[PDB]
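S.K.: First piece of the complex, coordinates kept as in the full assembly:
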Amino acid sequence: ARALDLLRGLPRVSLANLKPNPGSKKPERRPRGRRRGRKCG
Amino acid sequence: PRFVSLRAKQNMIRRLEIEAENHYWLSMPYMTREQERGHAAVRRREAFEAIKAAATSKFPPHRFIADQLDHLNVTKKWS
Amino acid sequence: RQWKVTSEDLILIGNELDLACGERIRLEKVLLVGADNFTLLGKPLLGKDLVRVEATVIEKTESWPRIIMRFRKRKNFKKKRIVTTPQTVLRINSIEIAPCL
Amino acid sequence: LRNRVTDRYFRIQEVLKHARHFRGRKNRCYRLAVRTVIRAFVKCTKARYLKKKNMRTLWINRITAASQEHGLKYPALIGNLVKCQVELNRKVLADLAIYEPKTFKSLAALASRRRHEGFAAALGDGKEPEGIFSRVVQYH
Amino acid sequence: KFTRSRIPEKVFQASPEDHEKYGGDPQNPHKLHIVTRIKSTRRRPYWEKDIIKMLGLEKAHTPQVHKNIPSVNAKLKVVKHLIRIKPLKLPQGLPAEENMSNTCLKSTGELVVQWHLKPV
Amino acid sequence: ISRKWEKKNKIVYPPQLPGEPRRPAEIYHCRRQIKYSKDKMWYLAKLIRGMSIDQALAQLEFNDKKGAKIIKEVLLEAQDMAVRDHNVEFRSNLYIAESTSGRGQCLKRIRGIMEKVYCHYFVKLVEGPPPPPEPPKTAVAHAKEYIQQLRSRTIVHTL
């Protein structure tokens, strides 16, 4: 694999680098602001 | 009650003149309707096969290792 | 737009010209040239062999922040944007004239 | 209160830095200052159209005045300078009117000469020589 | 009721007076129209709005080339009050691949295939 | 409660130089929680705002209001500490530079709420003769101002 060989050059994986797979977490919509809430849907 | 000035009549009239010349240039087609038939059927069909083809070629993008690992750089430091 | 221009002055232009600061420029499209006792005016532009107008780029700034607000009453319609356009300042160095009549 | 808002002096102050020059309590009381500040920003953007408009009528007033000094009227000057392929604009003509009144006098002479050639040309109708200043430069 | 308007055919039959007025020949007519929108589709029925979108005249004062064939002429007859039509005349030829970039459609209606910016 | 006006008599200036004008004295005094309203003290405080202290005393001895006696005690007290504490040689040579009145900590009495109103009184005395009153501007000043406004004007919205 070329990918572990990429992991050499990168800083160490820590609890400060972690990130969910993009697409996993849809963002919560909540009723504040001009669009999400005046009559709030 | 509203009344019609000279501006309004002259404006109306110059629109009528443009209209009359539109009537003139539409009075002499280059082809008959029998001649024009299917003279552009190929290009229309290819155009729609392009629309159809862009419609049926819709799919999620490729996901790369380099992007996911490239998130590790948020804690790149100096030494 | 048309700038009325002498030597030794300044023009503020509302776009980035993509030149380095300090570069000299020959402004083509001069369409009136006047002195005290004569003028010369082209139909619509003058000859490039007749007049030569030079200008350097001094600075390439942005504008002051410039508000764009929209608001319709009873509709909850309120947008706000803040825009800064790029700008360059030209210093007209010389208007040289030539005897080509 | 689990998490209530700490950073609220600065939201107010984002609005009220725009109101410091109003009168009355609009300069201090956020509830009043918001309506006036919004309303000031809407005027501020609709005034770009009116800045352009009012400059142009200001130029037409100055060209009108300066051309009435030479007997011309404004439609005569603008028309018969277009017809000489002198495509100077209103800003430049107003600035020449104030700062270079000999150039403006000579432009009024060029426009009234062209105006008379328009008269004499459209009077003696038929095949004739065209006017001298009436000729146009064809571009290809 | 306000309905779609048929226009009779006598409206689209030129007279020799009209051939003296405009610059047309009934024999050997023109191939291409130039169509320009000079009026708004607002306050017009939805069918005229559609025909304006089909002919490619959404932007006003922008010329568009069409064929002088009876189909395109039928669509043009529907919106003939919003547009202006002139024949595309071509003083020199239609542009070859050499002269493809250096063209300019002039105001007269002609399309010149060599567009310098020098005076004659 | 803030008490910044009492502290103002504690500023110490570095000693001057021989080639330098003599700095006049400045004596900040006040009274707190006067049982009177702050807007009735405004008239008495306003009355004496550029007067010499002898003219101020003299005007407040013949005034019928309640606050006049209180301000007269504040000014006699400040004339005393002017001379004793702050090196003013002449008692007479003072004038009222500042005389204001703020509100004090009021009380509330339930009858039906009714406020027991308090106020303060702040005076700065400055050593020296009272500054001469501003003369009403003449027709020469008005004419010069008008002509200077005419000289000032520019050709607007052009080069």
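M.R.: Good, I have the coordinates. Numbering: from 1, shown residues only, chains lettered A, B, ... in the order given.
S.K.: how about the helices in chain A?
M.R.: All helices of chain A, identified by DSSP state H, fall at A:3-9, A:33-36.
S.K.: Name the residues that touch the shortest one?
M.R.: Residues lying outside helix A:33-36 but in contact with it, judged by CB atoms under 8 Å, 6 or more residues apart in numbering or on different chains, are A:29, A:30, C:76, C:78. Using the backbone N, CA and C atoms, a C-beta is placed for each residue, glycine as well.
S.K.: Leaving out sequence neighbours, find the closest residue to the third one.
M.R.: Think residue C:76. Leaving aside its sequence neighbours, residue C:76 sits nearest to residue A:38 (CB to CB, 6 or more residues apart in numbering or on different chains; 5.3 Å).
S.K.: ok, now the second one?
M.R.: Counting by CB to CB, 6+ apart, residue A:36 is the residue found nearest to residue A:30 once chain neighbours are left out, at 6.3 Å.
S.K.: and that neighbour, how far is that from residue D:3?
M.R.: Going from residue A:36 to residue D:3 by CB to CB, to the nearest Å gives 19 Å.
S.K.: So between those two, which is more surrounded?
M.R.: Neighbour count, other CB atoms under 10 Å in any protein chain shown: between residue A:36 and residue D:3, residue A:36 has more, with 11 against 5.
S.K.: Quick check: that one vs chain B, distance?
M.R.: According to CB to the nearest CB, to the nearest Å, residue A:36 and chain B sit 27 Å apart.
S.K.: mind checking the SS state of residue C:95?
M.R.: strand (DSSP: H, G, I helix; E, B strand; the rest coil).
S.K.: List the contacts of it.
M.R.: With the criterion set at CB under 8 Å, 6+ apart, residue C:95 makes contact with C:5, C:6, C:7, C:33, C:51, C:52, C:53.
S.K.: Quick one: neighbours of residue C:61, just the number.
M.R.: Count around residue C:61 with other CB under 10 Å applied: 14.
S.K.: Only the buried subset of the contacts of residue C:95, as a PyMOL command please.
M.R.: For the buried members of the contacts of residue C:95, the matching PyMOL selection, counting by 16 or more other CB atoms under 10 Å in any protein chain shown, is:
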select buried, chain C and resi 5+33+51+53
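S.K.: Straight-line length of stretch E:17-26, end to end?
M.R.: Across its full length, stretch E:17-26 reaches 12 Å between end residues, using CA to CA, to the nearest Å.
S.K.: Tell me how far the closest residue to chain A within chain C lies from residue A:39.
M.R.: Among the residues of chain C, residue C:76 lies closest to chain A, at 5.3 Å counting by CB to the nearest CB. Here residue C:76 is placed at a distance of 9 Å from residue A:39 (CB to CB).
S.K.: which residue ranges form the strands in chain C?
M.R.: C:9-13, C:24-27, C:32-34, C:39-41, C:51-62, C:66-72, C:77-83, C:86-97 (DSSP state E).
S.K.: Append chain G to the structure above:
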Amino acid sequence: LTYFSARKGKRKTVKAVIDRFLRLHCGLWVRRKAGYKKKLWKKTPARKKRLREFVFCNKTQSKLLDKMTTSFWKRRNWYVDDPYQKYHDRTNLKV
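M.R.: That brings us to chain G, laid onto the chains above:
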């Protein structure tokens, strides 16, 4: 319906729905026609033949019936000599 019961905190089925309809595993609800056993003396035999039929349901009727039953009713059932068993899997759709 009841979205959270007071005992279990589960959804409940509406038992009217089960009492009248048949869920096929592909998602189709089968029903019987209304009035198929009323006033047969005044109905033409074409109409009586129409009323004695097992009629499929609408799309929105189907989704309304899905929401009113629970996952027990949506489940494969391998009965012994089931009459409707050849109608569960959906053959030969081209969507």
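S.K.: Can you show me the helices along chain G?
M.R.: G:15-20, G:45-51, G:59-67.
S.K.: How far off centre is the second one?
M.R.: For helix G:45-51, the distance from its own C-alpha centre to the chain's C-alpha centre is 21 Å (CA atoms, centre = their mean, to the nearest Å).
S.K.: With the last one instead?
M.R.: Computed by CA atoms, centre = their mean, the chain-centroid distance of helix G:59-67 equals 10 Å.
S.K.: helices and strands around that helix, which ones?
M.R.: Helix G:59-67 sits against strand G:29-32, with contacts defined as 3 or more CB pairs under 8 Å, 6 or more residues apart in numbering or on different chains; DSSP states H and E.
S.K.: Tell me both backbone torsions, phi and psi, for the residue nearest to residue A:2 when sequence neighbours are not counted.
M.R.: Nearest non-adjacent residue to residue A:2, counting by CB to CB, 6+ apart: residue B:65, 8.0 Å away. Backbone dihedrals for residue B:65, given as degrees, to the nearest 10, come out at phi -70, psi -40.
S.K.: check contacts around residue B:65.
M.R.: A:2, A:3, A:6.
S.K.: Now for residue B:69, how many residues are close by?
M.R.: Quick note: residue B:69 (other CB under 10 Å) scores 16 neighbours.
S.K.: At the geometric centre of chain D, which residue do we find?
M.R.: residue D:56 (2.2 Å; CA atoms, centre = their mean).
S.K.: State the distance from the nearest residue to that one once chain neighbours are set aside to residue D:64.
M.R.: Nearest non-adjacent residue to residue D:56, counting by CB to CB, 6+ apart: residue D:90, 6.2 Å away. Counting by CB to CB, the gap from residue D:90 to residue D:64 is 11 Å.
S.K.: Would you mark the buried spots in stretch B:69-79?
M.R.: For stretch B:69-79, a neighbour-count test (16+ other CB under 10 Å) marks B:69, B:72 as buried.
S.K.: quick one: is that stretch near chain A?
M.R.: Yes: using CB under 8 Å from any CB of the partner chain, stretch B:69-79 reaches chain A at B:69, B:71, B:72, B:73, B:74, B:75, B:76, B:77.
S.K.: what kind of secondary structure is the fifth one in?
M.R.: It refers to residue B:74. In three-state terms, and counting by three-state DSSP, residue B:74 is helix.
S.K.: Could you pull up the contacting residues of it?
M.R.: For residue B:74, the contacting residues are A:16, A:17, by CB under 8 Å, 6+ apart.
S.K.: cool, and the first one?
M.R.: When the contact criterion is CB under 8 Å, 6+ apart, the partners of residue B:69 are A:3, A:6, A:7, A:10.
S.K.: can you slot in chain H too:
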Amino acid sequence: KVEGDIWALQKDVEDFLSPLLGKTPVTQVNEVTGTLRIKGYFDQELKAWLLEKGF
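M.R.: Time to bring in chain H:
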């Protein structure tokens, strides 16, 4: 369970299926997980094809 260079596998699958379609099949490699996702059912053809390849 694709382990290795998924782009060669996408080239070879795309070269294998395009006679059965006329066009190149529209795919998506997921280089992270190591999957390759083709549009339309080609399960029996890819199973037979991958048995031919030796996997």
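S.K.: Same as before for the contacts of residue B:74, with chain H this time.
M.R.: Counting by CB under 8 Å, 6+ apart, residue B:74 touches A:16, A:17.
S.K.: again, but for residue F:130
M.R.: Residue F:130 neighbours (CB under 8 Å, 6+ apart): F:50, F:51, F:52, F:55, F:95, F:96.
S.K.: Give me the ChimeraX select line for those residues, limited to the buried ones.
M.R.: Provided next is the ChimeraX selection string for whichever of the contacts of residue F:130 are buried by 16+ other CB under 10 Å:
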select /F:51,52,95,96
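S.K.: Show only the entries of the contacts of residue F:130 found in helices.
M.R.: residue F:55.
S.K.: Stretch D:122-138 close to chain C?
M.R.: Yes: with CB under 8 Å from any CB as the criterion, chain C is reached by stretch D:122-138 at D:136, D:137.
S.K.: hmm, that stretch touching chain E?
M.R.: Yes: contact of stretch D:122-138 with chain E (CB under 8 Å from any CB) involves D:137, D:138.
S.K.: And stretch F:112-121, how far out from the chain middle?
M.R.: 23 Å.
S.K.: Which residues belonging to it are considered buried?
M.R.: Buried residues in stretch F:112-121, counted by 16+ other CB under 10 Å: F:117, F:118, F:119, F:120, F:121.
S.K.: how about JSON lines for these, with secondary structure and distance to residue G:75 added?
M.R.: Output for these, formatted as JSON lines (DSSP: H, G, I helix; E, B strand; the rest coil; distance: CB to CB, whole Å):
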{"residue": "F:117", "secondary structure": "coil", "distance to residue G:75": "82"}
{"residue": "F:118", "secondary structure": "coil", "distance to residue G:75": "83"}
{"residue": "F:119", "secondary structure": "strand", "distance to residue G:75": "85"}
{"residue": "F:120", "secondary structure": "strand", "distance to residue G:75": "85"}
{"residue": "F:121", "secondary structure": "strand", "distance to residue G:75": "90"}
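S.K.: All the strands of chain F, residue numbers only.
M.R.: Going by DSSP E, chain F shows strands at F:26-34, F:94-100, F:107-110, F:113-116, F:119-127.
S.K.: before we move on, back to that, counting by contacts, list what the one helix or strand the residue nearest to the centre of chain D maps to packs against.
M.R.: Residue D:56 is part of helix D:30-68 when elements are defined by DSSP states H and E. Packed against helix D:30-68 by the contact rule (3+ CB pairs under 8 Å, 6+ apart) you find strand C:66-72, helix D:9-16, helix D:74-82, helix D:90-99, helix D:101-121.
S.K.: what are the ranges of the strands in chain A?
M.R.: Counting by DSSP E, chain A contains no strands.
S.K.: Quick one: name the residues of it near chain F.
M.R.: Remark: no part of chain A is in contact with chain F, using CB under 8 Å from any CB.
S.K.: interface residues of chain A facing chain H?
M.R.: So far as CB under 8 Å from any CB goes, chain A lies against chain H at residue A:21.
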